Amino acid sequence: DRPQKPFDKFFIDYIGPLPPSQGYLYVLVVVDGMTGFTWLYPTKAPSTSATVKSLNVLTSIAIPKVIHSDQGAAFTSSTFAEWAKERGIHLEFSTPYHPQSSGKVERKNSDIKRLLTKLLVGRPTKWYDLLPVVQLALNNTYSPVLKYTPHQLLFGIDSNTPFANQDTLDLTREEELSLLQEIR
């Protein structure tokens, strides 16, 4: 069996609804399985249509052999299947109610949700503009298991934006109080 590579498998999933930001409501999350690299795309709906439009952007940069998802409606539609067939991409579904990725991906998806939650509170409506800085953060975050960031594994170089301050990622006492106020 051959070693694991970038573009071998992309793991996709939606996050949201979120509070509106420039008319956007969801984030399509794409994680490269081998490297842990994250691409985020803001959408208005978890539809096949928004998924196709967003993946068209990413797949005009690099095409995965396999896309892995849960059995979200957007991903099990025959339109999405057509889309993937057209591009020679194999689709792969986790069984209903039993989501499985890899340790690396799971932990990454975790960081994504926590980091999102953190920076939204205070400014729950300004997340669209922050998506770039979020991805840089995620992709320049050191992997305990491998000696390298996703940036490094993807491009084979150090980055020009290293994130040396490995951040708290936890909500400070104020933010817990603020987050429970916005939910009122």
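We call the rigid core the largest set of C-alpha positions that still match within 1.5 Å between the two forms. The first residue of the sequence shown is number 1, and the count goes up from there.
Rigid core fits of the other structures in 8 other deposited structures of this protein place the C-alpha atoms of one stretch farther away on average; of 122 to 130 and 29 to 37, that stretch is 122 to 130. Averaged over Cα atoms, the B-factor as recorded in the entry is higher for 116 to 124 than for the other of 116 to 124 and 132 to 140. Stretch comparison (142 to 150 versus 27 to 35) by mean CA B-factor in the PDB entry places 142 to 150 on top. Among all modelled residues in this chain, the alpha-carbon of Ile15 has a temperature factor (C-alpha) in the middle third. Per the PDB record, residue ranking by Cα B-factor puts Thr79 in the middle third of the chain. Looking at the C-alpha B-factors along this chain, the one for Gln71 belongs to the lowest third.
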